[PDB]
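Novice:
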Amino acid sequence: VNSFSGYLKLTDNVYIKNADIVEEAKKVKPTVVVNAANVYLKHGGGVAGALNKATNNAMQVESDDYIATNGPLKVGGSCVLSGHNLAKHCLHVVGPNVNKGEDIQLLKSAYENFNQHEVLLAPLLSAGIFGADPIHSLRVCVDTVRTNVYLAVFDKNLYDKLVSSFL
Ligand SMILES: CCC(CC)(CO)Nc1ncnc2[nH]ccc12
Numbered sequence: 003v004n005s006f007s008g009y010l011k012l013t014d015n016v017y018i019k020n021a022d023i024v025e026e027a028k029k030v031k032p033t034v035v036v037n038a039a040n041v042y043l044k045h046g047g048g049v050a051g052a053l054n055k056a057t058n059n060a061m062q063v064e065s066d067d068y069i070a071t072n073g074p075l076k077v078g079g080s081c082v083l084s085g086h087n088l089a090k091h092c093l094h095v096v097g098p099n100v101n102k103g104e105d106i107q108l109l110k111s112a113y114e115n116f117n118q119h120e121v122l123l124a125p126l127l128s129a130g131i132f133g134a135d136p137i138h139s140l141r142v143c144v145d146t147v148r149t150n151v152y153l154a155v156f157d158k159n160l161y162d163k164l165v166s167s168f169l
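Take the sequence shown: its position 147, counted from the start at 1, is 149 in the deposited numbering, and no numbers get skipped.
1. Can you say whether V3 is buried or exposed, counting buried as having 16 or more other CB atoms within 10 angstroms of its CB?
2. For ligand 1, is there a heavy atom less than 7 Å away from the beta-carbon of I23?
3. Counting Cβ pairs, one atom from each stretch, are 3 or more of them under 8 Å apart for the region 78-89 and the region 16-34?
4. Whole angstroms is fine: what's the gap from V82's alpha carbon to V147's?
5. Does the separation of the CB atoms of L43 and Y68 fall below 8 Å?
6. If you follow the beta strand (DSSP E) that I18 is in, where does it begin and where does it stop?
7. For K11, which residues does DSSP report across the bridge?
8. Quick check on the DSSP output: what are the complete beta strand (DSSP E) runs of length 3 or more inside the region 82-117, in order along the chain?
9. Below 8 Å on the Cβ atoms is my contact criterion, and I expect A124 with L153 to pass it. Report the Cβ-Cβ distance as a whole number of Å.
10. Where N20 and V63 are concerned, what is the direct C-alpha to C-alpha distance, given to the nearest angstrom?
11. Measuring only from the beta carbon, is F156 closer than 7 Å to any heavy atom that is part of ligand 1?
12. With distance defined between alpha-carbon atoms, name the residue in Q118, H119, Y113 nearest to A129.
13. I think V41 touches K76, with their Cβ atoms under 8 Å apart; what is that distance to the nearest whole Å?
14. What number of angstroms, rounded off, separates the C-alpha of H94 from the C-alpha of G78?
15. Identify every residue that forms a DSSP beta bridge with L122.
Below you can see the structure in the form of structure tokens.
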């Protein structure tokens, strides 16, 4: 039993809700919140910009030190950093950005990072400003993640379409 509330159960391990991931994290304080990161950990917009804003830019400060030490992530890769006031940890995961021409096949690799954590609060990878089809992202999530994932979909209209079209 966990404290995630109001989710629709899609499969044995995948759950979904129309919610703002920032407000969900602040309520649940999960062990792991997933950020829709880029390889430079520049949290300017989308989910990343919203999470970073909620940390009063502490996420960005920590991220800049991470990059200065380690260099950029790989597309499809991840790193674990602090969750600041939102969660114990933040798993920064880089899905491909279609608006940069990046290979969509890397979306499966991106979701594989979730399997290193027993329970996660997450967005749909490569959705929103990353330019991929959120329906496809949900399919890859369900077919790749084996640990317990709670998906927050900000747009109410998109959520209803994801639910209604889910096979
Ligand atoms: C902008 C698209 C979407 C769904 C509304 C997923 O790709 N992005 C988010 N999904 C969950 N929580 C969010 N908070 C701020 C943005 C955001």
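Backbone N, C-alpha and C fix where the C-beta goes; we use that ideal spot for every residue, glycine too.
Specialist: In terms of the structure at hand:
1. The count along the sequence shown starts at 1 and reaches residue 3 at position 1. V3 is exposed by the Cβ-count criterion.
2. On the sequence shown, position 21 is the one that residue 23 refers to. Yes, ligand 1 has a heavy atom inside 7 Å of this Cβ.
3. yes
4. Along the sequence shown, read from residue 1 onward, the residue named residue 82 stands at position 80. Along the sequence shown, read from residue 1 onward, the residue named residue 147 stands at position 145. When rounded, the distance between both Cα atoms is 17 Å.
5. By 1-based counting over the sequence shown, the position of residue 43 is 41. By 1-based counting over the sequence shown, the position of residue 68 is 66. For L43 and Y68, yes; Cβs fall inside 8 Å.
6. Within the sequence shown, numbered from 1, the residue matching residue 18 stands at position 16. Here the beta strand (DSSP E) through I18 covers 16-20.
7. Within the sequence shown, the letter at position 9 stands for residue 11. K11 pairs with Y17.
8. 91-95
9. Stepping through the sequence shown from its first residue, residue 124 is reached at position 122. Stepping through the sequence shown from its first residue, residue 153 is reached at position 151. Their Cβ separation, rounded to whole angstroms, is 6 Å, which keeps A124 and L153 in contact under 8 Å.
10. Counting from one through the sequence shown, the residue named residue 20 turns up at place 18. Counting from one through the sequence shown, the residue named residue 63 turns up at place 61. Taking the straight line from one Cα to the other gives about 30 Å.
11. For this step, residue 156 is matched to residue 154 along the sequence shown. Because some heavy atom of ligand 1 lies under 7 Å away, the Cβ of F156 counts as near it: yes.
12. As a working note, residue 129 is residue 127 in the sequence shown. Cα-wise, what sits closest to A129 is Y113.
13. Counted from its first residue, the sequence shown places residue 41 at position 39. Counted from its first residue, the sequence shown places residue 76 at position 74. That pair is a contact at about 7 Å.
14. Taking the sequence shown and counting its residues from 1, the one referred to as residue 94 is at position 92. Taking the sequence shown and counting its residues from 1, the one referred to as residue 78 is at position 76. Going from the Cα of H94 to the Cα of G78 covers about 10 Å.
15. Stepping through the sequence shown from its first residue, residue 122 is reached at position 120. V151.
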